[PDB]
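The chain below stands alone and is given as structure tokens, in the form deposited in one PDB entry.
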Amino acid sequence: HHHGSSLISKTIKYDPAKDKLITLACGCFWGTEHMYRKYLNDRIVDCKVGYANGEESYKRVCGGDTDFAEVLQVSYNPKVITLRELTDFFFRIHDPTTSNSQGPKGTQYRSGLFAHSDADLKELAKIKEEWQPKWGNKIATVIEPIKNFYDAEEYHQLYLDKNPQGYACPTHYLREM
């Protein structure tokens, strides 16, 4: 029905009457999930790992489109925790600068913020600029409106192809084998 259901985790706890979403790319998503759960589990509604890409202004990613990034989608109540606090945390749990951006080439691990609203896109761009003096080295984080999100397990099923063992997929998951 093109109301953006393709942008939300199928399994995440989320009520649009009171919650908001933010989708975060900063390395292997089990790492991102560990950090948010370790430090902020009692202040977020839910989070789910998966793959996402953005409206943008080579090598397939685990059988899917070349631009997919490993992400954590976070559902939160803005009266409990702000987007600013969630984003400040993002900019402290990885190296978001060009010293960690992929140039040896696995783009699925890129630093990225996928915004679920026009207003969010603007606030995130502001927060990135405010982190630049502290990071010093050029921040590489891309900020894009979200275009697709799939829960991890769902994505592995969608792009199964003829590859149940996940050859050439660097992501941990229990293969069907």
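We number the residues from 1 along the sequence you see. Whichever C-alpha set is largest while still superposing within 1.5 Å between the two forms counts as the rigid core.
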Count class of coordinate-free deposited residues lying between the neighbours residue 57 and residue 58: 4 to 9
If I compare the deposited sequence with the modelled residues, how many are absent between residue 104 and residue 105: none, 1 to 3, 4 to 9, or 10 or more? 1 to 3
Mean C-alpha B factor from the entry: is it higher for 75 to 83 or for 90 to 98? 75 to 83
58 to 66 versus 33 to 41 - which carries the larger mean C-alpha B factor in the record: 58 to 66
Pull the Cα B-factor of residue 24 out of the PDB entry and bin it into the chain's lowest, middle or highest third. lowest
How does residue 145 rank on Cα B-factor within its chain, lowest, middle or highest third? middle
Thinking about Cα B factors across the chain, which third does residue 121 belong to? highest
Quick check for you: using the entry's CA B-factors within this chain, is residue 48 in the lowest, middle or highest third? lowest
Of the three thirds of Cα B-factor ranks in this chain, residue 133 occupies the highest
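The same protein has a further form, the form deposited in another entry, not shown here; the description that follows concerns it.
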After a core superposition, would you say residue 11 shifts its C-alpha by at least 2 Å between the shown form and the other one? no
Core superposed first: is there a CA shift of 2 Å or greater at residue 65 between the shown form and the other one? yes
Using a superposition on the rigid core, decide whether the Cα position of residue 98 changes by 2 angstroms or more between the shown form and the other one. yes
Between residue 156 and residue 44, do the C-alpha atoms lie closer or farther in the other entry than in the shown form, with a difference of 3 angstroms or more? closer
Please check whether, in the other entry, the CA atoms of residue 28 and residue 156 lie closer or farther apart than here, given a change of 3 Å or more. closer
